[PDB]
Amino acid sequence: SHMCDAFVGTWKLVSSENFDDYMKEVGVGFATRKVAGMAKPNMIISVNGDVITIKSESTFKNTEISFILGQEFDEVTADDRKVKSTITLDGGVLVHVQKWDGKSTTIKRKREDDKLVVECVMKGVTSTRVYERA
Ligand SMILES: O=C1C=C(O)C[C@H](/C=C/[C@H]2CCCC[C@@H]2c2ccccc2)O1
Ligand SMILES: [Cl-]
């Protein structure tokens with residue numbers, strides 16, 4: 001309990017850097033990158049017992065995952081990858097690893113001041129996405 005209290009809430013994207021390059025590294029195609037890159041999602045995080053739910057809602061896609069920390073799950077990403085995901089808490093940071101077709105990408109979410117900072121990494125390419133409370 002209270003594992004993720006400082007994450008819970010509704011959050012709105014306010015800045016993005018290097019996201020197109022992250023998506024290219026993942027293998028996202030041109031049209032999806034362009035429409036996805038335009039999106040201004042809200043991220044809605046909630047907890048009920050051991051189950052964490054993260055929703056991403058935008059004009060591009062509305063997605064939802066629910067999970068228990070450390071317990072793998074199957075996820076269809078907004079770009080239609082079929083991945084195996086595990087999310088853990090590492091020193092206060094939510095670490096989300098996605099595996100597919102022999103590839104891996106990690107998305108970290110952390111609280112920094114009044115922001116929720118999301119770092120997306122695929123090999124040598126990192127993208128930073130900043131969210132504030134809605
Ligand atoms: O937790 C988060 C917070 C973030 O802002 C982005 C991050 C990754 C999402 C992208 C992965 C690659 C394909 C496009 C995906 C996408 C989904 C929804 C809306 C736009 C772009 O997920
Ligand atoms: Cl960007």
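For ligands, and for the atoms within them, numbers begin at 1 and follow the listed sequence. All residue numbers in this chain count up from 1 along the given sequence.
In terms of protein heavy-atom proximity, atom 17 (C) of ligand 1 is closest to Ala78 CB, 3.5 Å. Remark: minimum distance from atom 14 (C) of ligand 1 to any protein heavy atom is reached at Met23 SD, 4.0 Å. Closest protein heavy atom to atom 7 (C) of ligand 1: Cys120 SG, 3.9 Å. Nearest to atom 18 (C) of ligand 1 among the protein's heavy atoms is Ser56 OG, 3.9 Å. Among protein heavy atoms, the minimum distance from atom 6 (C) of ligand 1 is reached at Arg129 NE, 3.7 Å. Scanning the protein heavy atoms around atom 19 (C) of ligand 1, the nearest turns out to be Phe60 CD2, 3.8 Å.
In the hydrophobic clustering of ILVMFWY residues, with side-chain heavy atoms under 4.5 Å counting as a link, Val117 and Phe19 come out apart.
Taking a cut-off of under 4.0 Å to the non-hydrogen atoms of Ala36, the atoms of ligand 1 that pass are 20 (C), 21 (C).
Between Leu116 and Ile45, the closest side-chain pair of non-hydrogen atoms falls below 4.5 Å. Between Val95 and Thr106 there is a side-chain heavy-atom pair separated by less than 4.5 Å. Here the side chains of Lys84 and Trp100 are not in contact, with every heavy-atom distance at 4.5 Å or above.
Contact annotation: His96 has no heavy atom less than 4.0 Å from any atom of ligand 1. Using a 4.0 Å cutoff on heavy atoms, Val26 does not count as a contact of ligand 1.
Salt bridge annotation for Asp79-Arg81: present, with a cationic side-chain nitrogen under 4.0 angstrom from a carboxylate oxygen. A salt bridge does not link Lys82 to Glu75: none of the charged side-chain nitrogens sits closer than 4.0 Å to a carboxylate oxygen.
Any N or O atom pair closer than 3.5 Å counts here, and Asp79 shares no such pair with ligand 1.
Looking at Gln98, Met43, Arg81, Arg109 and measuring to atom 22 (O) of ligand 1, the nearest heavy atom belongs to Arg109. Residue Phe19 holds the heavy atom nearest to atom 21 (C) of ligand 1 of all those in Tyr131, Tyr22, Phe19.
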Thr105 vs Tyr22, side chain to side chain donor-acceptor pair (under 3.5 Å): CA-CA, chis, key distance, verdict
CA-CA 10 Å; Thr105 185; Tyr22 168 77; 2.7 Å; yes

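Annotation: the span from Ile44 atom CD1 to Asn62 atom CG amounts to 8.0 Å, rounded to 0.5 Å.
Using bins of under 30°, 30° to 60° and over 60° for the plane-to-plane angle, the ring pair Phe73/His96 lands in the tilted bin.
Contact annotation: for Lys61 versus ligand 1, there are no heavy atoms closer than 4.0 Å.
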